[PDB]
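Order as written gives the chain letters A, B, C, D, E, F, G, H, I, J and K; numbering starts at 1 within each chain.
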Amino acid sequence: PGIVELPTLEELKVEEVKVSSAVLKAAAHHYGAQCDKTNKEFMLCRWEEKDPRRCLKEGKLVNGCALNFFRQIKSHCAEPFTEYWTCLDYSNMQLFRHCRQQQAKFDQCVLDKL
Amino acid sequence: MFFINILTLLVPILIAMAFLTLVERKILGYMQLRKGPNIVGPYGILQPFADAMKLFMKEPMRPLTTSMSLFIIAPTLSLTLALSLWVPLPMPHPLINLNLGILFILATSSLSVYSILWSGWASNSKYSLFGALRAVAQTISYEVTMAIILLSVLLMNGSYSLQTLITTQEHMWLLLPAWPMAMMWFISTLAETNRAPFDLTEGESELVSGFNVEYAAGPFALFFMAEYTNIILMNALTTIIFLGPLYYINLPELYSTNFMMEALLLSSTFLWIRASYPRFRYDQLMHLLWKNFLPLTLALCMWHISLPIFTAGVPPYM
Amino acid sequence: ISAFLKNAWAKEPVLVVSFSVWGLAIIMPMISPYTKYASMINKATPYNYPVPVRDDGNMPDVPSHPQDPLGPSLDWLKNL
Amino acid sequence: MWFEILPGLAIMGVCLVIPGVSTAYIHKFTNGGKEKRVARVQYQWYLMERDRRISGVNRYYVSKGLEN
Amino acid sequence: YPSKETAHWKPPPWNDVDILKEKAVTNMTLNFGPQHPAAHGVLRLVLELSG
Amino acid sequence: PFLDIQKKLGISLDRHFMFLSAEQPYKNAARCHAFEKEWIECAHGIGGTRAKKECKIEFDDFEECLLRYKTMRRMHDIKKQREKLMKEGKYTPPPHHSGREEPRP
Amino acid sequence: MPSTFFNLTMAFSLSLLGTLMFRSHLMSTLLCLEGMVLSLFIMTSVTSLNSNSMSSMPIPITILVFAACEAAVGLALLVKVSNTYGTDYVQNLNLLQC
Amino acid sequence: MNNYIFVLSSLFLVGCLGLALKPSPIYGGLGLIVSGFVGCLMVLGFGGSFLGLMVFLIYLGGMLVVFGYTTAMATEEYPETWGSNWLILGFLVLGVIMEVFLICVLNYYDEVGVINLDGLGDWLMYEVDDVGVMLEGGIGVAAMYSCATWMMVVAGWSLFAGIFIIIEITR
Amino acid sequence: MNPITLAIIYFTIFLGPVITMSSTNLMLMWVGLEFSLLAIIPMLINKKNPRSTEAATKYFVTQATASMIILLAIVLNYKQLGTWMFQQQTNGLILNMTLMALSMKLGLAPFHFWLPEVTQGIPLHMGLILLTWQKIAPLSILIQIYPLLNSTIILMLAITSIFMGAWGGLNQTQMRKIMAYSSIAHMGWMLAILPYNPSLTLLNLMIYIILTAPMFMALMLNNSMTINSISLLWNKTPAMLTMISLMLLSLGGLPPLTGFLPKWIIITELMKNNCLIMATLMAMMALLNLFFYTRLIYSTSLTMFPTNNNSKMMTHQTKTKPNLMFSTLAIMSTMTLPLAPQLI
Amino acid sequence: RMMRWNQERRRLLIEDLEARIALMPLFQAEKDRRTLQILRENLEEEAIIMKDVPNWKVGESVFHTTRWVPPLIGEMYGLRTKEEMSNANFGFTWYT
Amino acid sequence: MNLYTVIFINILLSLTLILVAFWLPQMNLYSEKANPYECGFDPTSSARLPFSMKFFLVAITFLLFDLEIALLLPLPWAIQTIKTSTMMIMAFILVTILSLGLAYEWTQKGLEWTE
């Protein structure tokens, strides 16, 4: 009946993480702690509206928060984090149980420095 | 590259079977106080090769009364299925990682019996029919309890995936929690491979030869090749499920080698039994299973449903 | 029946074992402290997303941040 | 003597070690020096496909870290 | 109402039991020998087997 | 049901898995959950005879969601025209539809 | 989905047709029934998987269970008719014409 | 791959056609084994897994028992294959060609409808939960232990009563 | 049969229909159908005589085919509407196939050739179940979908079965086959009035059951199974003749007896709906039923047939077989018209 | 021992699932933008292809309701290449 | 695609071995060689005649028990439920009913082969 209303390619543009799944897993827990309000607002938007076209402005804030988080890590705890997610990437299913020592190093580095 | 991996998984397995034949003959000879094959090549190593060449150079019979289609299809199916079943086995990394690997194993094993059934019916010979309808009873015997035993053991694994058993047995063998089931599973493998004391589908003494009476040359050789590959396979499944090797993500070679050691041990035990025991009758086998293992097997399945609950030790999924 | 049970124990041990194990399978779950924890653990396992719920200003227990003290705590699972 | 049995058993042991070792080595070789990522759930499939698109070489094993 | 076909029809048996033409039981005839691993070489045991 | 034993006794032996919009394991809603819910809530109260005419819009949306006949028609027409134009020589597949794109995260 | 459902409906139709027209052996008729069972199970399975309706996947298994039970009853009846007449031919099942 | 599922369904149709033509029960069992395999593959390709494997297992068991029964009761001095009877052979070929022609006819009359050979393989899967975890058909089936216990009750009773019914039919 | 088999088998026969009529889901109604089908067969083949086995096989094949057709209907309705119940929007062919397959289960013409044979083969005490208790489930399945049925198909089947049952009744000498054909005719009436007002379909089902059960127990009394055999009741058991006559006449459907009420009320409804031609033809052809019941009445009650020497010992010996339910049902079936308003 | 080891595995599984839950919001937004981009590209191409067909409304929905209906893979990858379509259909089933 | 490739490779390997076995050996076909085998003497009768199965009852019972296996095989995923008590009760009832059916058949001599 009515013409659908897809957003334009221009407004579907945002700076994107471009970091691999292993990296995201390694950063997950602290990324779940910090960057909670932003993600939760976006998620409530998704569930309440049910329309993906109506939560884009909040999703882009999600992306910005993720970029800020990862920039901070890259600025301070970069090398321990690289070690940690290398060890994770090696694992077949990216299981945490295999890299606990490097996880401890990274966790201590972030806890003190940041 | 995947093809190179396929080659590395097939060729060694076939050679291992080829030499399982020689090992069987030599072990039986020594246990019986004789030396066995030791003149064809140094220490008899060349006996399997000589046998295979002779069998594939002998004339393949095509008896008049037979049904050519099935009489030709069955051996192909036997070898194809026996080889295929080696596909998903973790050692420690399966060539093909199947979520429901155990059900795939059960399906392939069950379809294995149709090789014997069709070959026996197609032979159109009385001894062939005897062998085929004995194999039917053999299946009716083992298949009822094999599935329950696998269910009960997997009730500590949480998923039908084989690879998950590697982690399950990270700190312990599953044998200890379920030694009662390990024994029933061992006898079930003995029956499924159609080997003594349960080699009633080809029992030379009663039927000149069973399903394979009219088969000759290469078509025959395929049956035995599949039989011995299946012996190795089933003992590998036992070694992976129970008797878990040592897995450390640092070295998969440790898992591979320890698995080899244990699988050879069990494969040798198969021949040990063959030389040690008489042969069941083909009604005594069914009576044995149905009236001894199944009553115990159902109770054990009940108990292993209860265990994860009243011990609060539910297996994880994923 | 001591006599019949004693005979069964020797002449048909398989059935004695089966019936005993079945009886235990029923009895033990009722008699065991840990049984309650199975359903709690399976409820603890978070397969789906925890959907945030809009704060109308009068929801006093559900937290605002995951690290806030309020909300279910898996200390019981941690030291089961 | 029973020692003369063991040549065939040694041939067997080698022939059954090759499958597992070869599989592990080849999986590691063809998956960027890391064991093959198993996809036992749509979540794992989605992660792998995201890596495939992110890497820019259409390869899931090629990992881009903080630098990207 | 008899018709062309129904002439050869007959009344049903009083009790439902019906007398049937005997089914001869034809046991299979196996040759357990001479050349059998258990025939000791020279016995043509003509077994008459059912099942 | 011919006799409403279940409604009489307050039990629900089989009334909870009648349609796609009922509770699913682990809260995985079936295809067309919203459409089916709309249709059924529209058709509650009013009888079946009246629903067959007063909830028709919802039913049409529901069948379209579930079977998707019109969607197949539309895609078929679009690709038919694409083929005709291509054979004529008046169209080219853009880079992103062809095979080389700038893959998004 | 559409082509698959068409072919599956045709398969069930052919198996029903085979059941309706006999051919001496009762065992073959039982097998045709069993084939219709297969087709119906496949229909239900594909429909459920297509709709992502995991609450209706308990039902194909019930189909299999009940079809297996009826097939067992059929086999027992075959055994009895064979004991009666020496074969499973359906021609012999003509006494009740009178 | 585009024609994967359609080919599998056509093979299922052919196996069912053979079964309908009804050769000797041995060939019927073989045909049904092939058909069960193909159906399991179709279910697997439609995202299923447990259901396909279960059908294959149960059908292998069923045809095993059926074959055992056929060798004993459903047997003939000269079992008839598909090719032995000229009428069966001719109607096998006729059915194959008839299905081919019927496919063409339906495609022509409805360019998009029951069959869309053009655009085939473009509608196999409709939707998937990309980031889900618990979406495996085994979960839905296991639901019989929680949300659909009535299904379990009726099926278990069916098997239980089957035991007694079978014993007393075979008495 | 041992007691435990009796308990389980009878309980399953009772369960099946109850599941069918108390299930909201089409698959569960199908489960009830299968329960009845599986459980009845051992009772049928209990005798283990050559005729019994063949009757059981005929029943099995026919009912299995019907169940599969119904299951196809259910599955296709699922494919269409994502549900397990028939809706107004459901495709017409699905409902046509359901009506056709439930017709085969019920025994209605032209799928009626199977019922006479099975009834002839099986013993009376199971013939009663077959011709009474096993119809409740399929007719319930139809009644639950009555607003969507096809008037043309239903009327065609109904009139076909009336004609076929009436014609078949004449030729038969066997009581078992006669009762099978009577079943066919009465089911024809039931389905004729189903699409218009199922309350009267249920009324006809009740009255037919309440009339058939007494007759079947009457036959059981002396194991009578032929016109000649039943002709000897004037000697073996004179008392029953009066009620047997009244009951046969009622089943035929004479006015003073109850049997009129079903036919009269159904004709009234059909006329209200303007179904004059079918109503007239059905009423006309329902008189062959009275003819082949009147022949029985002549043979048993109004004329005295030749007897045998050995019936004297049957006279000598005592009898304790007629139940209380016989008297209750017989009177309440053949003397209840004055309470008709309460029935409808 | 199995009880204790299984409990440990339960804790580890909860940890991993929590990691997934933490990361999901990012994936949901990325998927939202990606699917919308795919849809709009399809719309542009449709605009060009169906320029002159007599009666075509370019963005017409097949649904009366104005609610957002998730796009199914046929719509999403229809105009793309057979490789992408078959990937969408079989990537998970046909293993990794 | 990997599973298809490996299974087709297995099929091709087996079929190639068969073809080599049938086209390499030197052959001599004649009636006496080809005729069936029966311990050195000619067949008294063809092997297609009926062959009584003395375990028919147990064979059928296998069907129902295997369907019970099917009903039980979801348990590994079932245990991941929240209604653990309900799952336990249902599984216990199912297995106990299985056991009772087997016990009744045994006591009724179902498993004793028919002579």
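Just so it is clear, a residue touches a chain if its C-beta (ideal position, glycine included) is under 8 Å from a C-beta of that chain, and two chains touch if they have at least 3 such contacts.
With chains reduced to the mean position of their C-alpha atoms, the one farthest from subunit C is E.
Of all the chains, the one whose CA centre sits at the greatest distance from that of subunit F is E. Of all chains shown, the one whose average CA position lies nearest the global CA mean is H.
Separating the CA-averaged centres of subunit A and subunit G is a span of 54 Å.
If you average the CA atoms of subunit D and of subunit E, the two centres end up 63 Å from each other. Centroids of subunit C and subunit K (each the mean of its C-alpha atoms) stand 38 Å apart.
Mean C-alpha position of subunit A lies 49 Å from that of subunit B.
Among the residues of subunit G, those in touch with two or more other chains are 2, 5, 12, 19, 26, 29, 50-56, 58-59, 61-62, 64-66, 68-69, 71-73, 75-77, 79-80, 84-85, 95, 97.
Chain contacts: subunit I has residues 4, 28, 31, 34, 38, 41, 45, 48, 50-51, 82, 84, 120-121 touching two or more partner chains.
For subunit A, the set of residues that touch two or more other chains comprises 16-18, 32, 40, 43, 50, 91-92. Interface residues of subunit F, counted against subunit D in their complex, comprise 103-105.
Of all residues in subunit G, those touching subunit H in their complex are 1-8, 10-12, 14-15, 17-19, 23, 25-32, 34-35, 38-39, 41-42, 45-46, 48-50, 52, 54-62, 64-66, 68-69, 71-73, 75-80, 82, 87-88.
Across the interface of their complex, subunit C is touched by residues 7, 10-11, 13-14, 17-18, 21, 24 of subunit J.
Subunit I contributes residues 1, 4-5, 8-9, 12, 15, 19, 28, 31, 34-35, 38-39, 41-42, 45-46, 48 to its touches with subunit H in the complex.
Residues 12, 15-16, 18-23, 25-26, 28-30, 32-33, 35-37, 39-41, 43, 57-61, 63-64, 66-68 of subunit J are the ones touching subunit A in the complex.
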